[PDB]
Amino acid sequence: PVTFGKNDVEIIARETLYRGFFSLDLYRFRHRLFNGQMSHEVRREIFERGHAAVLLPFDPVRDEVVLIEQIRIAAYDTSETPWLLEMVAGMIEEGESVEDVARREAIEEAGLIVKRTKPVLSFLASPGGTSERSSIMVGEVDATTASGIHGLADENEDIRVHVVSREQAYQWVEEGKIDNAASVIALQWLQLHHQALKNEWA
């Protein structure tokens, strides 16, 4: 498939245009064109924010999924409401493993203790403007135990847990009611492998 590699690109320099909580960097490079020749110098504004771990809580016995509801204002301008239905997720820090961030966030966000876990897919959200990569895991859970609303809330992570059938959640994806990349991808994956996973677990 892909011909070219890292030796076919010369990164001239990287510069931080802005550095706050996240970073906005500028990549200046030259690369091979699809005719051999090397291009001129190209500039790219790249959003640097680290990488994420995602966990799809799936109850094989009940054939259910556990969703996380929390506000995401970046969704404001193009959605009817900023509050989205999502998967458990968290940023991967200094040498943490994807599985551990996923399992830890399952406790913090949904109050669930994941049992067996399995790798699904790893994707780049939008490779044209950000370096962010998200790695999905499917974790065996007991929907029956998820937490409820926090009396005293975490204001930068106020979550409401939703438990729904596997089919329901998938239909919402097709209907557009669930439309964040991690959820759409994980839920489509589940829809293509649910019987094999149900047979493997329990």
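Note that residue numbering begins at 1 and tracks the sequence as displayed.
In the record comparison, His150 is unmodelled in at least a third of the other entries of this protein that model the residues flanking it.
Two stretches are in play, 70-78 and 95-103, and the higher mean C-alpha B-factor belongs to 95-103. In this entry, 28-36 shows the higher mean Cα temperature factor of the pair 28-36 and 141-149. Residue-level inspection of the entry shows that, of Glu48, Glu157, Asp59, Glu174, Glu157 has the top Cα B-factor. The entry lists a Cα temperature factor for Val42 that places it in the highest third of the chain's modelled residues.
Among all modelled residues in its chain, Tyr18 ranks in the highest third by Cα B-factor. When all modelled residues of the chain are sorted by CA temperature factor, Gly129 is found within the lowest third.
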